[PDB]
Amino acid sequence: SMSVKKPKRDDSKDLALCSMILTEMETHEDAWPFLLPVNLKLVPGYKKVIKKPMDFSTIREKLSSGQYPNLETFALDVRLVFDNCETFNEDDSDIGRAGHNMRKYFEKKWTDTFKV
């Protein structure tokens, strides 16, 4: 509360660390569905159905331009990619499988980096 703070966490490295994590997402073999925005002209339903489209390139641009105020806003965008993927794709599809794999991949790195 006013003049009562919990101990100051060192957040000075968060930007570098999220960048690193994103770089590792971008270079994963199953990242291909997520690298660029879904083309809303070419994928019927997507615009109407997916209210907040998100992809790795868009995240990279937001990250590099100071548009994440903190590491949690960054994790929210990453997860949004996978939540969108689940909304639009069958679990039993390459893309549905890619999304599950990448979420798992993300969450481990997230935990190892910031929890542990």
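Throughout, we count residues from 1 along the sequence that is shown. Between two forms, the rigid core is defined as the largest C-alpha subset superposing within 1.5 Å.
Taken in 9 other deposited structures of this protein and fitted on the core, 95 to 103 and 7 to 15 differ in how far their Cα atoms move from the shown form, and the one that moves more is 7 to 15. Stretch comparison (10 to 18 versus 100 to 108) by mean CA B-factor in the PDB entry places 10 to 18 on top. Looking at 72 to 80 and 85 to 93 together, the entry lists the larger mean B-factor for 85 to 93, computed on C-alpha atoms.
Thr27: CA B factor in the highest third of modelled residues in this chain (values from the PDB entry). For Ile59, the recorded CA B-factor ranks within the lowest third of the chain. Only modelled residues enter the ranking. When the CA B factors of the chain's modelled residues are split into thirds, the value for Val49 lands in the middle one.
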